[PDB]
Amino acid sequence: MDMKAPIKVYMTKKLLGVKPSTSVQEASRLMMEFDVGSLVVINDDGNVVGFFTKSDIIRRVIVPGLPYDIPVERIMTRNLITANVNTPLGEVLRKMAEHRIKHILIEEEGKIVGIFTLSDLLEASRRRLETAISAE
């Protein structure tokens, strides 16, 4: 990994979304199934209306003792913390540290195109290459 290189080389497309009516319990299962620590919430027009992590689920559900059937809409954050595809790795890491986050949405020309997580960092630290061409 190179702290100078654009975040777009270490980011992933593996970004899952759920509808606002999706229950915390279902969102939790989906997260464990696909191994992701966060989820974006999309409205019926296909746009991001929210975002939330596993941590949000612990702090906004488990602690207050709220039902596991409540819609994630009730615990999601309604603004996103992002980084541009061209923002170099180092600066992205610094931003995640300052904001205390484990996941950061990637933006390009206004739209969310991917996400960078601590798992991705681990992947980069291990020098694992994503191949765009066929392997046999």
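Start at 1 and count along the sequence shown; that's the residue number.
Asks: Identify the stretch, either 58-66 or 42-50, whose C-alpha atoms have the larger mean B-factor according to the entry.
Replies: Result of the comparison: 58-66.
Asks: For the stretches 114-122 and 14-22, which has the higher mean C-alpha B-factor as given in the deposited record?
Replies: Of 14-22 and 114-122, the stretch with the higher C-alpha B-factor average is 14-22.
Asks: Using the B-factors in the PDB entry, rank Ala135's C-alpha atom against the chain and give the third, lowest, middle or highest.
Replies: Top third by C-alpha B-factor.
Asks: Tell me, lowest, middle or highest third: where does the Cα B factor of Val36 rank within its chain?
Replies: Within its chain, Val36 is a middle-third residue by C-alpha B-factor, going by the deposited values.
Asks: Please say which third, lowest, middle or highest, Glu91 falls into when its CA temperature factor is compared across its chain.
Replies: Lowest third, going by the recorded CA B-factors of the chain.
Asks: Relative to the other modelled residues of the same chain, rank the CA B-factor of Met3 and answer lowest, middle or highest third.
Replies: It falls in the top third of the chain.
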